[PDB]
Amino acid sequence: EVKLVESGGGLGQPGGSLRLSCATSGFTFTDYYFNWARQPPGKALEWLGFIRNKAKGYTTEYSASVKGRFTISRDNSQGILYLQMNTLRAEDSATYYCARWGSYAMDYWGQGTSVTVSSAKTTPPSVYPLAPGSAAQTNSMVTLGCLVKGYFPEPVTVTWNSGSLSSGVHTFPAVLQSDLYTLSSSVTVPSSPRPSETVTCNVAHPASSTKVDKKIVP
Amino acid sequence: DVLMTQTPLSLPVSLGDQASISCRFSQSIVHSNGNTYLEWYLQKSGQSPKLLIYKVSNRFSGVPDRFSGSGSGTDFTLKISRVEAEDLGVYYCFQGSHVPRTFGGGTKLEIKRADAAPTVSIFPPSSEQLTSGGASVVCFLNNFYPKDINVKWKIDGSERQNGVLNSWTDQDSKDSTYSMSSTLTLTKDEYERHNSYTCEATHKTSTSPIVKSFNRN
Ligand SMILES: O=C(O)CCCCN(Cc1ccc([N+](=O)[O-])cc1)CP(=O)(O)O
């Protein structure tokens with residue numbers, strides 16, 4: 001089977017370096033051009049550059065976004081492709097993919113390797129209850145939530161009443177804020193069931209070994 | 001250089017309908033050897049991109065015949081007849097023969113449903129956060145359709161731009177709607193200097209904006 005395996009991902013330091021590898025097997029490596037592409041979480045797939053085959057002398061082409069800062073190389077004896085990323089920036093946080101190119105274009109892709117460029121350190125999040133104001137008209141349904149603020153690294157998990165409340169739940173994608181992540185989650189229940197029935201968000205941040213059960217009090 | 005334009009960004013469709021995606025160029029990309037290296041790829045949520053069509057109209061082995069690429073010189077088309085659930089994801093046209101070598105902006109295939117106004121809910125800062133010196137005001141704008149929506153924050157009636165962070169969900173697998181969350185983050189000091197906090201939303205479902213507010217007092 002044709003195989004491409006990316007590796008080397010992890011947390012990179014801003015201003016630092018990182019070399020990603022793409023190990024191949026199952027076909028003649030030197031017959032192929034190879035491409036590197038990246039997809040930032042919540043963003044579009046982006047082409048980075050390619051290295052040509054033996055017939056083309058293994059020359060390279062790069063995107064304007066990284067030319068002069070990234071380097072693509074290949075070890076023809078080992079059948080391994082590399083992506084040398086220098087002076088890491090936050091914009092480099094993404095999942096990186098390698099793919100061969102030939103008569104059948106990019107017919108085989110690797111599974112990708114994730115990179116996160118940050119100087120932050122592990123940090124538990126602060127979990128805040130989101131309850132409607134004292135003055136706020138009644139309703140058939142009531143929406144409550146939890147703001148999970150300032151954690152690192154990703155991710156965090158949020159459940160409601162230990163997963164008992166699954167329907168009507170919206171946990172939003174995290175965003176970077178003050179060099180840390182922030183996320184919120186909403187739950188909607190009929191107005192008659194609360195506060196008579198407790199609603200608690202269960203937020204877990206495994207990297208910092210934290211689990212917080214925050215009750216939504218009126 | 002050649003400019004590539006892939007449209008549309010978003011493509012709402014109903015299962016069973018055909019979908020057509022466009023890739024156009026500011027000039028011809030036919031190579032002197034006679035070939036045209038215009039390719040089409042699909043990237044499903046949480047997955048690697050996969051080839052669909054190479055050299056304009058060559059369907060890659062294993063791709064259902066429902067998919068087909070066409071086009072000529074400067075205008076290219078990916079057609080998907082009888083769309084099914086498996087086809088949902090982001091389609092990208094690509095060419096690496098002309099500068100800028102690149103993928104298109106992408107076309108997210110999504111499900112068509114009836115227009116639905118958002119359920120907007122605003123929330124004041126919790127005492128826990130306040131005690132820590134910060135004040136975040138949250139506004140959920142849940143289950144609306146279509147996806148386009150605009151949110152405005154106002155404090156004491158004046159519009160507020162600084163400190164606002166937004167997040168958006170992918171289309172709901174179950175009801176095909178979209179949801180949004182906006183948070184205005186202030187210091188306790190600034191929060192205690194103002195009284196009126198408003199989250200206002202405009203959506204195609206109404207000419208009137210949806211306004212939700214709370215007063216510190
Ligand atoms: O050399 C051949 O016969 C095949 C390539 C034909 C021309 N190519 C087209 C071409 C080559 C590489 C890619 N890719 O994404 O990797 C895309 C398009 C450009 P070049 O001569 O290498 O600059």
# chains A, B, ... in the order shown; residues from 1 in each chain; ligands from 1
call {"tool": "residues_around", "arguments": {"residues": "range 97-102 of chain A", "least_positions_apart": "5", "cutoff": "7 Å", "atoms": "only C-alpha atoms", "output": "list in words"}}
result
residues 6, 22, 32, 33, 34, 35, 36, 37, 38, 107, 108, 109, 110, 111, 112 and 113 of chain A
call {"tool": "interface_residues", "arguments": {"of": "chain A", "to": "chain B", "cutoff": "6 Å", "atoms": "only C-alpha atoms", "output": "list in words"}}
result
residues 47, 105, 107, 111, 130, 132 and 172 of chain A
call {"tool": "write_last_selection", "arguments": {"atoms": "N, CA and C atoms", "output": "mmCIF file, in the first residue's frame"}}
result
data_model
loop_
_atom_site.group_PDB
_atom_site.id
_atom_site.type_symbol
_atom_site.label_atom_id
_atom_site.label_comp_id
_atom_site.auth_asym_id
_atom_site.auth_seq_id
_atom_site.Cartn_x
_atom_site.Cartn_y
_atom_site.Cartn_z
ATOM 1 N N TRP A 47 -1.655 25.610 0.716
ATOM 2 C CA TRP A 47 -0.487 25.003 0.073
ATOM 3 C C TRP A 47 0.806 25.692 0.556
ATOM 4 N N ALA A 105 -1.937 13.125 -9.774
ATOM 5 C CA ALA A 105 -1.959 14.277 -8.864
ATOM 6 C C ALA A 105 -1.718 13.850 -7.385
ATOM 7 N N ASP A 107 -2.736 11.876 -5.115
ATOM 8 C CA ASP A 107 -3.579 10.712 -4.902
ATOM 9 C C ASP A 107 -3.455 10.083 -3.524
ATOM 10 N N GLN A 111 -1.782 11.366 7.192
ATOM 11 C CA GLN A 111 -2.863 11.636 8.126
ATOM 12 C C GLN A 111 -2.695 13.004 8.801
ATOM 13 N N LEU A 130 -23.330 30.990 33.750
ATOM 14 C CA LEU A 130 -24.001 31.970 32.923
ATOM 15 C C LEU A 130 -25.482 31.807 33.197
ATOM 16 N N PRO A 132 -29.371 33.930 33.454
ATOM 17 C CA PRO A 132 -30.119 35.102 32.990
ATOM 18 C C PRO A 132 -30.287 36.140 34.115
ATOM 19 N N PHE A 172 -19.260 25.818 21.995
ATOM 20 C CA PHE A 172 -18.570 26.522 20.942
ATOM 21 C C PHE A 172 -17.066 26.313 20.862
#
call {"tool": "atom_distance", "arguments": {"atom1": "CA of residue 184 in chain B", "atom2": "CA of residue 157 in chain A"}}
result
22.6 Å
call {"tool": "residues_around", "arguments": {"residues": "range 201-205 of chain B", "least_positions_apart": "3", "cutoff": "6 Å", "atoms": "only C-alpha atoms", "output": "ChimeraX atom specification"}}
result
/B:117,149-151,209-210
call {"tool": "write_last_selection", "arguments": {"atoms": "N, CA, C and O atoms", "output": "CSV table (one decimal), in the first residue's frame"}}
result
chain,number,residue,atom,x,y,z
B,117,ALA,N,-35.0,32.3,12.7
B,117,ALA,CA,-34.4,33.4,13.4
B,117,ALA,C,-33.6,32.8,14.6
B,117,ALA,O,-34.0,31.7,15.1
B,149,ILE,N,-25.0,36.2,9.9
B,149,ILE,CA,-25.6,37.0,11.0
B,149,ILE,C,-24.6,38.1,11.4
B,149,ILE,O,-23.4,37.9,11.2
B,150,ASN,N,-25.1,39.2,12.0
B,150,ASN,CA,-24.3,40.3,12.5
B,150,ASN,C,-24.7,40.6,13.9
B,150,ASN,O,-25.8,40.8,14.2
B,151,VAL,N,-23.7,40.7,14.8
B,151,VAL,CA,-23.9,41.0,16.2
B,151,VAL,C,-23.2,42.4,16.5
B,151,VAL,O,-22.1,42.6,16.0
B,209,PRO,N,-33.7,44.4,14.3
B,209,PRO,CA,-32.6,43.6,14.9
B,209,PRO,C,-33.2,43.0,16.2
B,209,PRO,O,-34.1,43.5,16.8
B,210,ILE,N,-32.5,41.9,16.7
B,210,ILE,CA,-33.0,41.3,17.9
B,210,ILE,C,-32.1,42.0,19.0
B,210,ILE,O,-30.8,42.0,18.8
call {"tool": "residues_around", "arguments": {"residues": "residue 21 in chain A", "least_positions_apart": "3", "cutoff": "9 Å", "atoms": "only C-alpha atoms", "output": "count of residues only"}}
result
10
call {"tool": "residues_around", "arguments": {"residues": "residue 189 in chain A", "least_positions_apart": "2", "cutoff": "8 Å", "atoms": "only C-alpha atoms", "output": "PyMOL selection string"}}
result
chain A and resi 141-143+168+187+191+193-194
call {"tool": "atom_distance", "arguments": {"atom1": "CA of residue 73 in chain B", "atom2": "CA of residue 58 in chain A"}}
result
28.4 Å
call {"tool": "select_by_dssp", "arguments": {"residues": "range 10-207 of chain A", "states": "strand (DSSP E)", "output": "number ranges by chain"}}
result
A: 10-12, 18-25, 33-39, 46-51, 60-62, 70-75, 80-85, 94-101, 113-117, 126-130, 141-151, 157-160, 169-171, 175-177, 180-190, 200-205
call {"tool": "residues_around", "arguments": {"residues": "residue 12 in chain A", "least_positions_apart": "3", "cutoff": "8 Å", "atoms": "only C-alpha atoms", "output": "list in words"}}
result
residues 16, 17, 18, 88, 115, 116, 117, 118 and 119 of chain A
call {"tool": "write_last_selection", "arguments": {"atoms": "N, CA, C and O atoms", "output": "JSON list (two decimals), in the first residue's frame"}}
result
[["chain", "number", "residue", "atom", "x", "y", "z"],
["A", 16, "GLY", "N", 11.16, 29.86, 17.57],
["A", 16, "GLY", "CA", 11.96, 28.64, 17.52],
["A", 16, "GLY", "C", 11.93, 27.95, 16.17],
["A", 16, "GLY", "O", 11.62, 28.57, 15.16],
["A", 17, "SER", "N", 12.27, 26.67, 16.16],
["A", 17, "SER", "CA", 12.29, 25.85, 14.94],
["A", 17, "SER", "C", 11.61, 24.52, 15.16],
["A", 17, "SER", "O", 11.49, 24.05, 16.29],
["A", 18, "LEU", "N", 11.23, 23.88, 14.06],
["A", 18, "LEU", "CA", 10.60, 22.59, 14.14],
["A", 18, "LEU", "C", 10.71, 21.90, 12.78],
["A", 18, "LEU", "O", 10.54, 22.52, 11.74],
["A", 88, "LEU", "N", 9.32, 30.12, 14.19],
["A", 88, "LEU", "CA", 7.91, 29.82, 14.37],
["A", 88, "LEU", "C", 7.08, 31.00, 14.83],
["A", 88, "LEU", "O", 7.49, 31.76, 15.71],
["A", 115, "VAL", "N", 0.74, 20.97, 15.01],
["A", 115, "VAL", "CA", 1.71, 21.89, 15.59],
["A", 115, "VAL", "C", 0.97, 23.05, 16.24],
["A", 115, "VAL", "O", 0.02, 23.60, 15.66],
["A", 116, "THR", "N", 1.44, 23.45, 17.42],
["A", 116, "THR", "CA", 0.87, 24.60, 18.12],
["A", 116, "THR", "C", 2.02, 25.45, 18.63],
["A", 116, "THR", "O", 2.80, 25.00, 19.46],
["A", 117, "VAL", "N", 2.16, 26.64, 18.07],
["A", 117, "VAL", "CA", 3.22, 27.56, 18.43],
["A", 117, "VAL", "C", 2.73, 28.48, 19.54],
["A", 117, "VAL", "O", 1.90, 29.36, 19.28],
["A", 118, "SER", "N", 3.26, 28.28, 20.75],
["A", 118, "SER", "CA", 2.89, 29.09, 21.90],
["A", 118, "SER", "C", 3.96, 29.06, 22.97],
["A", 118, "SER", "O", 4.72, 28.10, 23.06],
["A", 119, "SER", "N", 4.01, 30.13, 23.76],
["A", 119, "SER", "CA", 4.95, 30.26, 24.88],
["A", 119, "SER", "C", 4.21, 30.03, 26.22],
["A", 119, "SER", "O", 4.80, 30.07, 27.30]]
